[PDB]
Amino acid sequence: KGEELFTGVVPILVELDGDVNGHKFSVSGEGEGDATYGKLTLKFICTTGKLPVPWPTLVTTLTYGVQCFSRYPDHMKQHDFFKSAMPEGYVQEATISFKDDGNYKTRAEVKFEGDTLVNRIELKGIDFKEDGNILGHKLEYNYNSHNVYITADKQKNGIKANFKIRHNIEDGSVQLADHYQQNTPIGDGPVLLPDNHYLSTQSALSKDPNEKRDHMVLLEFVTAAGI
């Protein structure tokens, strides 16, 4: 059973390759997750130089693959798809539509590489406005608390996730970002197909005072609820 691999602290590696309106970039993430408390401590670094998009627009993409660290209460343990697909893992597909702007289409794979949870991501962003909230860097360096609504897809032997992200613009306004996530297992083994529920997410963004590269330090708490 996959949940037995998450009883303690597990090291995490996130590698992202992106392209938004022709602007190519790479992000490397390192940290750890402790599913017993739904705790994620991560540090993401843009290894290609300056990030052409604001850091908050990438939080869901960079934390999507680590939803296996969500704290599922004991009474909800039969509803944990994420941990059940482990060690073999799952393929991730997401479409992030920014209101009155472009979209991000992501393809990722999350699995165990030894005793390390790895998330390899490819991001493709198109039709973004030059002086928009994204390419114009008009978004505040913060992240609002939200829910990730999960539904099962028995035909694909996986799950779906739907939620709205409201990014805070510097003028006090809001930039809506609708998310549609789809997860399909890599392995042939049995996975847990859940009833409708949600993941309550709280995220705190910060900077490392001694780090000179474009980066993002993240403290995140994810908890399953609804059942």
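For every residue, the number given is its place in the sequence shown, counted from 1.
S.K.: Is the mean CA B factor in the deposited entry higher across 202-210 or across 14-22?
M.R.: Per the PDB entry, the higher value belongs to 202-210.
S.K.: Should the higher mean CA B-factor in the entry be assigned to 25-33 or to 173-181?
M.R.: In the deposited entry, the stretch with the higher C-alpha B-factor mean is 173-181.
S.K.: Per the entry's Cα B factor values, which of 54, 38, 49, 194 stands out as the maximum?
M.R.: That would be 49, according to the entry.
S.K.: Name the residue from 127, 140, 74, 80 with the greatest C-alpha temperature factor listed in the entry.
M.R.: Answer for 127, 140, 74, 80: 127, with the highest C-alpha B-factor.
S.K.: For residue 132, does the deposited CA B-factor place it in the lowest, middle or highest third of the chain?
M.R.: Answer is highest: the recorded C-alpha B-factor places it there.
S.K.: Going by the entry, which third of its chain does the Cα temperature factor of residue 84 land in?
M.R.: Middle third - that is where residue 84 ends up once the chain's C-alpha B-factors are sorted.
S.K.: Where does the C-alpha B-factor of residue 44 rank in its chain, lowest, middle or highest third?
M.R.: It belongs to the lowest third of the chain when residues are ordered by C-alpha B-factor.
S.K.: Which third, lowest, middle or highest, does the CA B-factor of residue 95 fall in along this chain?
M.R.: Lowest third - that is where residue 95 ends up once the chain's C-alpha B-factors are sorted.
S.K.: Mind checking which third residue 168 falls in for C-alpha B-factor across the chain?
M.R.: As the PDB entry reports it, the C-alpha B-factor of residue 168 lands in the highest third of its chain.
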